[PDB]
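Structure data follow from my_file.txt (compact mmCIF, N, CA and C atoms):
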```
# COMPACT_ATOMS: atom_id res chain seq x y z
N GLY A 466 -29.50 -138.14 18.07
CA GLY A 466 -28.76 -139.35 18.39
C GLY A 466 -27.85 -139.13 19.57
N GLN A 467 -26.64 -139.67 19.48
CA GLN A 467 -25.65 -139.54 20.55
C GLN A 467 -24.98 -138.18 20.42
N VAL A 468 -25.64 -137.16 20.95
CA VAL A 468 -25.10 -135.80 20.96
C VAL A 468 -23.96 -135.74 21.97
N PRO A 469 -22.94 -134.91 21.75
CA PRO A 469 -21.86 -134.79 22.73
C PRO A 469 -22.38 -134.27 24.06
N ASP A 470 -21.83 -134.80 25.15
CA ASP A 470 -22.23 -134.43 26.50
C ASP A 470 -21.10 -133.67 27.18
N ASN A 471 -21.46 -132.65 27.95
CA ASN A 471 -22.83 -132.22 28.19
C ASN A 471 -23.16 -130.95 27.42
N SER A 472 -22.63 -130.84 26.20
CA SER A 472 -22.87 -129.67 25.36
C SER A 472 -24.34 -129.61 24.99
N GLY A 473 -25.03 -128.59 25.49
CA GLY A 473 -26.45 -128.44 25.21
C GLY A 473 -27.08 -127.49 26.22
N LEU A 474 -28.40 -127.60 26.34
CA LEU A 474 -29.18 -126.78 27.24
C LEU A 474 -30.00 -127.67 28.16
N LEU A 475 -30.43 -127.09 29.28
CA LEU A 475 -31.23 -127.80 30.27
C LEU A 475 -32.54 -127.05 30.48
N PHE A 476 -33.41 -127.63 31.30
CA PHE A 476 -34.73 -127.07 31.59
C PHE A 476 -34.75 -126.57 33.03
N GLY A 477 -34.89 -125.26 33.19
CA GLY A 477 -34.95 -124.64 34.50
C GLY A 477 -36.34 -124.27 34.96
N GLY A 478 -37.38 -124.72 34.29
CA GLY A 478 -38.73 -124.47 34.73
C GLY A 478 -39.43 -123.38 33.95
N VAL A 479 -40.75 -123.34 34.09
CA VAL A 479 -41.58 -122.38 33.39
C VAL A 479 -42.45 -121.64 34.40
N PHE A 480 -42.90 -120.45 34.00
CA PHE A 480 -43.74 -119.63 34.86
C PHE A 480 -44.53 -118.67 33.98
N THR A 481 -45.75 -118.38 34.38
CA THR A 481 -46.64 -117.48 33.66
C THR A 481 -47.04 -116.32 34.56
N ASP A 482 -47.91 -115.46 34.03
CA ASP A 482 -48.39 -114.30 34.78
C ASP A 482 -49.46 -114.66 35.80
N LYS A 483 -50.00 -115.88 35.75
CA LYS A 483 -51.04 -116.30 36.68
C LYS A 483 -50.67 -117.51 37.52
N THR A 484 -49.59 -118.22 37.18
CA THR A 484 -49.15 -119.40 37.90
C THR A 484 -47.90 -119.08 38.71
N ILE A 485 -47.39 -120.09 39.40
CA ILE A 485 -46.21 -119.97 40.25
C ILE A 485 -45.25 -121.09 39.89
N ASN A 486 -43.95 -120.78 39.88
CA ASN A 486 -42.94 -121.77 39.57
C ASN A 486 -42.38 -122.34 40.86
N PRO A 487 -42.67 -123.60 41.20
CA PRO A 487 -42.24 -124.14 42.50
C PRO A 487 -40.73 -124.24 42.68
N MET A 488 -39.96 -124.39 41.60
CA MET A 488 -38.52 -124.56 41.76
C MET A 488 -37.84 -123.29 42.26
N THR A 489 -38.45 -122.13 42.02
CA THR A 489 -37.92 -120.88 42.54
C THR A 489 -38.90 -120.14 43.44
N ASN A 490 -40.14 -120.62 43.55
CA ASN A 490 -41.17 -120.00 44.39
C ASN A 490 -41.41 -118.54 44.01
N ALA A 491 -41.23 -118.22 42.73
CA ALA A 491 -41.41 -116.86 42.25
C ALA A 491 -41.71 -116.91 40.76
N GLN A 492 -42.25 -115.81 40.25
CA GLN A 492 -42.56 -115.68 38.83
C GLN A 492 -41.36 -115.13 38.06
N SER A 493 -40.23 -115.81 38.18
CA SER A 493 -38.99 -115.42 37.51
C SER A 493 -38.10 -116.65 37.40
N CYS A 494 -36.84 -116.43 37.03
CA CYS A 494 -35.88 -117.51 36.90
C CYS A 494 -34.81 -117.40 37.99
N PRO A 495 -34.25 -118.53 38.43
CA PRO A 495 -33.19 -118.48 39.44
C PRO A 495 -31.90 -117.88 38.89
N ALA A 496 -30.90 -117.73 39.75
CA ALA A 496 -29.62 -117.18 39.32
C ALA A 496 -28.95 -118.11 38.32
N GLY A 497 -28.39 -117.53 37.26
CA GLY A 497 -27.76 -118.32 36.22
C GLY A 497 -28.69 -118.86 35.17
N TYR A 498 -29.85 -118.24 34.98
CA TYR A 498 -30.84 -118.70 34.01
C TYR A 498 -31.24 -117.56 33.09
N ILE A 499 -31.72 -117.93 31.91
CA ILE A 499 -32.18 -116.98 30.90
C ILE A 499 -33.67 -117.24 30.66
N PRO A 500 -34.53 -116.23 30.78
CA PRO A 500 -35.95 -116.40 30.48
C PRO A 500 -36.22 -116.21 28.99
N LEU A 501 -36.86 -117.20 28.38
CA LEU A 501 -37.21 -117.18 26.97
C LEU A 501 -38.72 -117.15 26.81
N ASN A 502 -39.20 -116.32 25.89
CA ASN A 502 -40.62 -116.24 25.59
C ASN A 502 -40.99 -117.32 24.58
N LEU A 503 -41.63 -118.39 25.05
CA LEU A 503 -42.07 -119.47 24.18
C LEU A 503 -43.47 -119.27 23.64
N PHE A 504 -44.34 -118.59 24.39
CA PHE A 504 -45.70 -118.30 23.95
C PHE A 504 -46.03 -116.87 24.38
N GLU A 505 -47.32 -116.53 24.30
CA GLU A 505 -47.74 -115.17 24.64
C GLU A 505 -47.51 -114.86 26.12
N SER A 506 -47.58 -115.87 26.99
CA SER A 506 -47.40 -115.65 28.41
C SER A 506 -46.53 -116.70 29.09
N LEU A 507 -45.92 -117.62 28.34
CA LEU A 507 -45.09 -118.67 28.91
C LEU A 507 -43.62 -118.28 28.80
N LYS A 508 -42.90 -118.40 29.91
CA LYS A 508 -41.47 -118.10 29.95
C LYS A 508 -40.73 -119.32 30.46
N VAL A 509 -39.67 -119.70 29.75
CA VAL A 509 -38.89 -120.89 30.06
C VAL A 509 -37.51 -120.46 30.53
N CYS A 510 -37.07 -121.02 31.66
CA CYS A 510 -35.75 -120.72 32.21
C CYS A 510 -34.76 -121.72 31.63
N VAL A 511 -33.75 -121.22 30.92
CA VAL A 511 -32.73 -122.05 30.30
C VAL A 511 -31.40 -121.79 30.99
N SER A 512 -30.71 -122.87 31.34
CA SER A 512 -29.41 -122.79 32.00
C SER A 512 -28.29 -123.01 31.00
N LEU A 513 -27.14 -122.41 31.29
CA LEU A 513 -25.96 -122.52 30.44
C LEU A 513 -24.80 -123.23 31.12
N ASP A 514 -24.51 -122.90 32.37
CA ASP A 514 -23.40 -123.53 33.07
C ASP A 514 -23.72 -124.99 33.38
N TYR A 515 -22.69 -125.83 33.34
CA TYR A 515 -22.88 -127.25 33.58
C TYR A 515 -23.15 -127.53 35.06
N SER B 566 -26.93 -111.35 22.69
CA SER B 566 -27.00 -110.39 21.59
C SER B 566 -27.89 -110.97 20.50
N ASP B 567 -29.14 -110.50 20.45
CA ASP B 567 -30.12 -110.96 19.47
C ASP B 567 -30.28 -112.48 19.53
N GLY B 568 -30.27 -113.01 20.75
CA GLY B 568 -30.43 -114.43 20.97
C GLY B 568 -29.17 -115.26 20.82
N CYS B 569 -28.04 -114.65 20.49
CA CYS B 569 -26.80 -115.40 20.36
C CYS B 569 -26.22 -115.69 21.73
N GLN B 570 -25.92 -116.96 21.99
CA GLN B 570 -25.37 -117.37 23.28
C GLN B 570 -23.89 -117.02 23.33
N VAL B 571 -23.51 -116.18 24.29
CA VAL B 571 -22.13 -115.77 24.49
C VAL B 571 -21.71 -116.23 25.87
N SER B 572 -20.66 -117.05 25.93
CA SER B 572 -20.18 -117.58 27.20
C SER B 572 -18.66 -117.52 27.23
N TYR B 573 -18.13 -117.50 28.44
CA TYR B 573 -16.70 -117.44 28.69
C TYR B 573 -16.29 -118.61 29.57
N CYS B 574 -15.07 -119.10 29.35
CA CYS B 574 -14.55 -120.26 30.07
C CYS B 574 -13.69 -119.79 31.23
N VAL B 575 -14.08 -120.15 32.45
CA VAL B 575 -13.35 -119.79 33.65
C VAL B 575 -13.27 -121.01 34.56
N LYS B 576 -12.37 -120.93 35.54
CA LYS B 576 -12.20 -122.03 36.48
C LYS B 576 -13.48 -122.25 37.27
N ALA B 577 -13.89 -123.52 37.39
CA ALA B 577 -15.10 -123.84 38.14
C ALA B 577 -14.91 -123.62 39.63
N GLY B 578 -13.69 -123.81 40.14
CA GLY B 578 -13.44 -123.61 41.56
C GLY B 578 -13.60 -122.18 42.00
N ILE B 579 -13.10 -121.23 41.21
CA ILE B 579 -13.19 -119.82 41.58
C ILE B 579 -14.63 -119.34 41.52
N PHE B 580 -15.33 -119.66 40.44
CA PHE B 580 -16.71 -119.24 40.24
C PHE B 580 -17.64 -120.40 40.61
N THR B 581 -18.23 -120.33 41.80
CA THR B 581 -19.13 -121.37 42.29
C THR B 581 -20.60 -120.98 42.17
N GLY B 582 -20.89 -119.83 41.56
CA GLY B 582 -22.27 -119.40 41.42
C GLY B 582 -22.97 -119.08 42.72
N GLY B 583 -22.25 -118.54 43.69
CA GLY B 583 -22.82 -118.19 44.99
C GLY B 583 -22.61 -116.71 45.28
N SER B 584 -23.61 -116.11 45.94
CA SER B 584 -23.52 -114.69 46.28
C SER B 584 -22.49 -114.43 47.37
N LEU B 585 -22.06 -115.45 48.10
CA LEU B 585 -21.05 -115.27 49.13
C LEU B 585 -19.71 -114.94 48.49
N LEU B 586 -19.01 -113.97 49.05
CA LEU B 586 -17.73 -113.54 48.50
C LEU B 586 -16.68 -114.61 48.75
N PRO B 587 -16.04 -115.15 47.72
CA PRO B 587 -15.02 -116.19 47.94
C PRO B 587 -13.76 -115.63 48.55
N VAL B 588 -13.77 -115.38 49.86
CA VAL B 588 -12.61 -114.82 50.53
C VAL B 588 -11.61 -115.94 50.78
N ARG B 589 -10.72 -116.15 49.82
CA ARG B 589 -9.63 -117.11 49.94
C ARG B 589 -8.33 -116.33 50.03
N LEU B 590 -7.69 -116.37 51.19
CA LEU B 590 -6.52 -115.54 51.41
C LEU B 590 -5.52 -116.39 52.22
N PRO B 591 -5.16 -116.15 53.49
CA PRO B 591 -4.29 -117.13 54.15
C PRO B 591 -5.11 -118.20 54.85
N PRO B 592 -4.52 -119.37 55.12
CA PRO B 592 -3.16 -119.80 54.78
C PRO B 592 -3.09 -120.40 53.38
N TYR B 593 -1.88 -120.65 52.88
CA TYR B 593 -1.70 -121.28 51.57
C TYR B 593 -1.48 -122.78 51.68
N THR B 594 -1.78 -123.38 52.83
CA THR B 594 -1.60 -124.81 53.01
C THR B 594 -2.53 -125.30 54.12
N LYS B 595 -2.83 -126.59 54.08
CA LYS B 595 -3.56 -127.23 55.16
C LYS B 595 -2.67 -127.31 56.40
N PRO B 596 -3.26 -127.42 57.59
CA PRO B 596 -2.45 -127.51 58.81
C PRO B 596 -1.53 -128.71 58.76
N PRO B 597 -0.21 -128.47 58.74
CA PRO B 597 0.74 -129.59 58.59
C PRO B 597 0.65 -130.55 59.76
N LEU B 598 0.87 -131.83 59.47
CA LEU B 598 0.80 -132.86 60.49
C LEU B 598 1.91 -132.69 61.51
N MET B 599 1.59 -133.00 62.77
CA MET B 599 2.54 -132.92 63.88
C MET B 599 3.78 -133.77 63.62
```
Is it possible to give me this structure as structure tokens?
Amino acid sequence: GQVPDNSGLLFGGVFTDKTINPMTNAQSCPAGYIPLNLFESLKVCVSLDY
Amino acid sequence: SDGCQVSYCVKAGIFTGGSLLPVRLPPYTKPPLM
């Protein structure tokens, strides 16, 4: 529902071992992001700072 | 730590998330009007 803002997480993009992430032009996460293993080869960049 | 999100609260002005060194030193005021 109406969750408090902006307390939460955002989406910083995904990247695999065979694809390329256009938001960073690399197979990693930008500065200030955490890579999370969502699947066997999928990594999601999660941001914390607003 | 084992997936626990640990964060610290700091001034947004000081920490701008840039690799450039925030060299803020003199002056301590804008150029005063004539």
With a distance cut-off of 12 Å and only C-alpha atoms, select the neighbouring residues of residue A:491, excluding the residue or stretch itself and same-chain residues fewer than 3 positions from it, and output the selection as a short mmCIF file (atom, residue, chain, number, x, y, z; two decimals) with N, CA and C atoms, keeping the file's coordinate frame.
```cif
data_model
loop_
_atom_site.label_atom_id
_atom_site.label_comp_id
_atom_site.auth_asym_id
_atom_site.auth_seq_id
_atom_site.Cartn_x
_atom_site.Cartn_y
_atom_site.Cartn_z
N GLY A 478 -37.38 -124.72 34.29
CA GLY A 478 -38.73 -124.47 34.73
C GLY A 478 -39.43 -123.38 33.95
N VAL A 479 -40.75 -123.34 34.09
CA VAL A 479 -41.58 -122.38 33.39
C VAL A 479 -42.45 -121.64 34.40
N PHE A 480 -42.90 -120.45 34.00
CA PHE A 480 -43.74 -119.63 34.86
C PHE A 480 -44.53 -118.67 33.98
N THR A 481 -45.75 -118.38 34.38
CA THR A 481 -46.64 -117.48 33.66
C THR A 481 -47.04 -116.32 34.56
N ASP A 482 -47.91 -115.46 34.03
CA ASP A 482 -48.39 -114.30 34.78
C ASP A 482 -49.46 -114.66 35.80
N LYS A 483 -50.00 -115.88 35.75
CA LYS A 483 -51.04 -116.30 36.68
C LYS A 483 -50.67 -117.51 37.52
N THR A 484 -49.59 -118.22 37.18
CA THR A 484 -49.15 -119.40 37.90
C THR A 484 -47.90 -119.08 38.71
N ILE A 485 -47.39 -120.09 39.40
CA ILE A 485 -46.21 -119.97 40.25
C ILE A 485 -45.25 -121.09 39.89
N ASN A 486 -43.95 -120.78 39.88
CA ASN A 486 -42.94 -121.77 39.57
C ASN A 486 -42.38 -122.34 40.86
N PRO A 487 -42.67 -123.60 41.20
CA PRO A 487 -42.24 -124.14 42.50
C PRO A 487 -40.73 -124.24 42.68
N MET A 488 -39.96 -124.39 41.60
CA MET A 488 -38.52 -124.56 41.76
C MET A 488 -37.84 -123.29 42.26
N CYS A 494 -36.84 -116.43 37.03
CA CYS A 494 -35.88 -117.51 36.90
C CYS A 494 -34.81 -117.40 37.99
N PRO A 495 -34.25 -118.53 38.43
CA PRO A 495 -33.19 -118.48 39.44
C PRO A 495 -31.90 -117.88 38.89
#
```
message: I want to know what sits within 9 Å of stretch 580-594 of chain B, based on only C-alpha atoms, with residues of the same chain fewer than 5 positions away left out; could you give that as a ChimeraX atom specification?
response: /A:496-497 /B:575
Generate the output file for the selected residues, N, CA and C atoms, as a compact mmCIF listing (two decimals), in the frame of the given file.
```txt
# COMPACT_ATOMS: atom_id res chain seq x y z
N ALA A 496 -30.90 -117.73 39.75
CA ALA A 496 -29.62 -117.18 39.32
C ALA A 496 -28.95 -118.11 38.32
N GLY A 497 -28.39 -117.53 37.26
CA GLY A 497 -27.76 -118.32 36.22
C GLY A 497 -28.69 -118.86 35.17
N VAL B 575 -14.08 -120.15 32.45
CA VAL B 575 -13.35 -119.79 33.65
C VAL B 575 -13.27 -121.01 34.56
```
field: Residue hits in chain A, query chain B, radius 12 Å, only C-alpha atoms, as a VMD selection string
entry: chain A and resid 473 to 474 495 to 502 511 to 515
Listed atoms of stretch 469-487 of chain A, axis-aligned box, 3 Å per side: centre and edge lengths to one decimal in Å, as JSON?
```
{"center_x": -36.1, "center_y": -124.6, "center_z": 32.2, "size_x": 35.9, "size_y": 26.6, "size_z": 26.9}
```
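DSSP secondary structure from the backbone places residues 475, 476, 477, 478, 479, 480, 486, 491, 498, 499, 500, 501, 502, 508, 509, 510, 511 and 512 of chain A of chain A in strand (DSSP E or B).
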Go ahead and write the residues just picked, N, CA and C atoms, as a compact mmCIF listing (two decimals), keeping the file's coordinate frame.
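Dumped everything to selection-v7.txt:
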```
# COMPACT_ATOMS: atom_id res chain seq x y z
N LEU A 475 -30.43 -127.09 29.28
CA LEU A 475 -31.23 -127.80 30.27
C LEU A 475 -32.54 -127.05 30.48
N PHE A 476 -33.41 -127.63 31.30
CA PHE A 476 -34.73 -127.07 31.59
C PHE A 476 -34.75 -126.57 33.03
N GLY A 477 -34.89 -125.26 33.19
CA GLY A 477 -34.95 -124.64 34.50
C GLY A 477 -36.34 -124.27 34.96
N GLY A 478 -37.38 -124.72 34.29
CA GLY A 478 -38.73 -124.47 34.73
C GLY A 478 -39.43 -123.38 33.95
N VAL A 479 -40.75 -123.34 34.09
CA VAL A 479 -41.58 -122.38 33.39
C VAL A 479 -42.45 -121.64 34.40
N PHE A 480 -42.90 -120.45 34.00
CA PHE A 480 -43.74 -119.63 34.86
C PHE A 480 -44.53 -118.67 33.98
N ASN A 486 -43.95 -120.78 39.88
CA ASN A 486 -42.94 -121.77 39.57
C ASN A 486 -42.38 -122.34 40.86
N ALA A 491 -41.23 -118.22 42.73
CA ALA A 491 -41.41 -116.86 42.25
C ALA A 491 -41.71 -116.91 40.76
N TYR A 498 -29.85 -118.24 34.98
CA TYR A 498 -30.84 -118.70 34.01
C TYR A 498 -31.24 -117.56 33.09
N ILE A 499 -31.72 -117.93 31.91
CA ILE A 499 -32.18 -116.98 30.90
C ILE A 499 -33.67 -117.24 30.66
N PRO A 500 -34.53 -116.23 30.78
CA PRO A 500 -35.95 -116.40 30.48
C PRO A 500 -36.22 -116.21 28.99
N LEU A 501 -36.86 -117.20 28.38
CA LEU A 501 -37.21 -117.18 26.97
C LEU A 501 -38.72 -117.15 26.81
N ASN A 502 -39.20 -116.32 25.89
CA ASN A 502 -40.62 -116.24 25.59
C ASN A 502 -40.99 -117.32 24.58
N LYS A 508 -42.90 -118.40 29.91
CA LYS A 508 -41.47 -118.10 29.95
C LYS A 508 -40.73 -119.32 30.46
N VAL A 509 -39.67 -119.70 29.75
CA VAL A 509 -38.89 -120.89 30.06
C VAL A 509 -37.51 -120.46 30.53
N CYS A 510 -37.07 -121.02 31.66
CA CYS A 510 -35.75 -120.72 32.21
C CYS A 510 -34.76 -121.72 31.63
N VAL A 511 -33.75 -121.22 30.92
CA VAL A 511 -32.73 -122.05 30.30
C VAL A 511 -31.40 -121.79 30.99
N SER A 512 -30.71 -122.87 31.34
CA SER A 512 -29.41 -122.79 32.00
C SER A 512 -28.29 -123.01 31.00
```
- request: Can you work out the spacing between atom N of residue A:475 and atom C of residue A:510 in Å, to one decimal?
  value: 7.3 Å
field: Distance in Å - atom C of residue A:508 versus atom C of residue A:476
entry: 9.7 Å
task: Just give me the gap between atom N of residue A:470 and atom CA of residue B:578 in Å, one decimal is fine.
output: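 Distance between the two atoms: 21.6 Å.
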Taking the partial coordinates given, rebuild stretch 567-587 of chain B to contain N, CA, C and O atoms; return it as a PDB file, in the coordinates of the input.
```pdb
ATOM      1  N   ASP B 567     -29.140-110.500  20.450  1.00  0.00           N
ATOM      2  CA  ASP B 567     -30.120-110.960  19.470  1.00  0.00           C
ATOM      3  C   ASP B 567     -30.280-112.480  19.530  1.00  0.00           C
ATOM      4  O   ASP B 567     -30.403-113.163  18.510  1.00  0.00           O
ATOM      5  N   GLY B 568     -30.270-113.010  20.750  1.00  0.00           N
ATOM      6  CA  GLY B 568     -30.430-114.430  20.970  1.00  0.00           C
ATOM      7  C   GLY B 568     -29.170-115.260  20.820  1.00  0.00           C
ATOM      8  O   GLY B 568     -29.235-116.478  21.006  1.00  0.00           O
ATOM      9  N   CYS B 569     -28.040-114.650  20.490  1.00  0.00           N
ATOM     10  CA  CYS B 569     -26.800-115.400  20.360  1.00  0.00           C
ATOM     11  C   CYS B 569     -26.220-115.690  21.730  1.00  0.00           C
ATOM     12  O   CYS B 569     -26.038-114.781  22.549  1.00  0.00           O
ATOM     13  N   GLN B 570     -25.920-116.960  21.990  1.00  0.00           N
ATOM     14  CA  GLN B 570     -25.370-117.370  23.280  1.00  0.00           C
ATOM     15  C   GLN B 570     -23.890-117.020  23.330  1.00  0.00           C
ATOM     16  O   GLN B 570     -23.099-117.499  22.506  1.00  0.00           O
ATOM     17  N   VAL B 571     -23.510-116.180  24.290  1.00  0.00           N
ATOM     18  CA  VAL B 571     -22.130-115.770  24.490  1.00  0.00           C
ATOM     19  C   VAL B 571     -21.710-116.230  25.870  1.00  0.00           C
ATOM     20  O   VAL B 571     -22.314-115.838  26.877  1.00  0.00           O
ATOM     21  N   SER B 572     -20.660-117.050  25.930  1.00  0.00           N
ATOM     22  CA  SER B 572     -20.180-117.580  27.200  1.00  0.00           C
ATOM     23  C   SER B 572     -18.660-117.520  27.230  1.00  0.00           C
ATOM     24  O   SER B 572     -17.991-117.489  26.189  1.00  0.00           O
ATOM     25  N   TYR B 573     -18.130-117.500  28.440  1.00  0.00           N
ATOM     26  CA  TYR B 573     -16.700-117.440  28.690  1.00  0.00           C
ATOM     27  C   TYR B 573     -16.290-118.610  29.570  1.00  0.00           C
ATOM     28  O   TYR B 573     -17.050-119.047  30.435  1.00  0.00           O
ATOM     29  N   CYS B 574     -15.070-119.100  29.350  1.00  0.00           N
ATOM     30  CA  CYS B 574     -14.550-120.260  30.070  1.00  0.00           C
ATOM     31  C   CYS B 574     -13.690-119.790  31.230  1.00  0.00           C
ATOM     32  O   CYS B 574     -12.674-119.115  31.015  1.00  0.00           O
ATOM     33  N   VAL B 575     -14.080-120.150  32.450  1.00  0.00           N
ATOM     34  CA  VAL B 575     -13.350-119.790  33.650  1.00  0.00           C
ATOM     35  C   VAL B 575     -13.270-121.010  34.560  1.00  0.00           C
ATOM     36  O   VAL B 575     -13.983-121.996  34.384  1.00  0.00           O
ATOM     37  N   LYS B 576     -12.370-120.930  35.540  1.00  0.00           N
ATOM     38  CA  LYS B 576     -12.200-122.030  36.480  1.00  0.00           C
ATOM     39  C   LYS B 576     -13.480-122.250  37.270  1.00  0.00           C
ATOM     40  O   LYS B 576     -14.099-121.299  37.764  1.00  0.00           O
ATOM     41  N   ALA B 577     -13.890-123.520  37.390  1.00  0.00           N
ATOM     42  CA  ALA B 577     -15.100-123.840  38.140  1.00  0.00           C
ATOM     43  C   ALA B 577     -14.910-123.620  39.630  1.00  0.00           C
ATOM     44  O   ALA B 577     -15.870-123.291  40.337  1.00  0.00           O
ATOM     45  N   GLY B 578     -13.690-123.810  40.140  1.00  0.00           N
ATOM     46  CA  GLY B 578     -13.440-123.610  41.560  1.00  0.00           C
ATOM     47  C   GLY B 578     -13.600-122.180  42.000  1.00  0.00           C
ATOM     48  O   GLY B 578     -14.155-121.912  43.072  1.00  0.00           O
ATOM     49  N   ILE B 579     -13.100-121.230  41.210  1.00  0.00           N
ATOM     50  CA  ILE B 579     -13.190-119.820  41.580  1.00  0.00           C
ATOM     51  C   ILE B 579     -14.630-119.340  41.520  1.00  0.00           C
ATOM     52  O   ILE B 579     -15.132-118.697  42.451  1.00  0.00           O
ATOM     53  N   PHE B 580     -15.330-119.660  40.440  1.00  0.00           N
ATOM     54  CA  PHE B 580     -16.710-119.240  40.240  1.00  0.00           C
ATOM     55  C   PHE B 580     -17.640-120.400  40.610  1.00  0.00           C
ATOM     56  O   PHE B 580     -17.815-121.330  39.820  1.00  0.00           O
ATOM     57  N   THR B 581     -18.230-120.330  41.800  1.00  0.00           N
ATOM     58  CA  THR B 581     -19.130-121.370  42.290  1.00  0.00           C
ATOM     59  C   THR B 581     -20.600-120.980  42.170  1.00  0.00           C
ATOM     60  O   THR B 581     -21.465-121.718  42.639  1.00  0.00           O
ATOM     61  N   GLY B 582     -20.890-119.830  41.560  1.00  0.00           N
ATOM     62  CA  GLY B 582     -22.270-119.400  41.420  1.00  0.00           C
ATOM     63  C   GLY B 582     -22.970-119.080  42.720  1.00  0.00           C
ATOM     64  O   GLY B 582     -24.172-119.340  42.847  1.00  0.00           O
ATOM     65  N   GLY B 583     -22.250-118.540  43.690  1.00  0.00           N
ATOM     66  CA  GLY B 583     -22.820-118.190  44.990  1.00  0.00           C
ATOM     67  C   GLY B 583     -22.610-116.710  45.280  1.00  0.00           C
ATOM     68  O   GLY B 583     -21.584-116.137  44.924  1.00  0.00           O
ATOM     69  N   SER B 584     -23.610-116.110  45.940  1.00  0.00           N
ATOM     70  CA  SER B 584     -23.520-114.690  46.280  1.00  0.00           C
ATOM     71  C   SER B 584     -22.490-114.430  47.370  1.00  0.00           C
ATOM     72  O   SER B 584     -22.090-113.272  47.558  1.00  0.00           O
ATOM     73  N   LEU B 585     -22.060-115.450  48.100  1.00  0.00           N
ATOM     74  CA  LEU B 585     -21.050-115.270  49.130  1.00  0.00           C
ATOM     75  C   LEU B 585     -19.710-114.940  48.490  1.00  0.00           C
ATOM     76  O   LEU B 585     -19.312-115.569  47.501  1.00  0.00           O
ATOM     77  N   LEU B 586     -19.010-113.970  49.050  1.00  0.00           N
ATOM     78  CA  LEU B 586     -17.730-113.540  48.500  1.00  0.00           C
ATOM     79  C   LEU B 586     -16.680-114.610  48.750  1.00  0.00           C
ATOM     80  O   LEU B 586     -16.439-114.962  49.912  1.00  0.00           O
ATOM     81  N   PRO B 587     -16.040-115.150  47.720  1.00  0.00           N
ATOM     82  CA  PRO B 587     -15.020-116.190  47.940  1.00  0.00           C
ATOM     83  C   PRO B 587     -13.760-115.630  48.550  1.00  0.00           C
ATOM     84  O   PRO B 587     -12.762-115.411  47.850  1.00  0.00           O
TER      85      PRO B 587
END
```
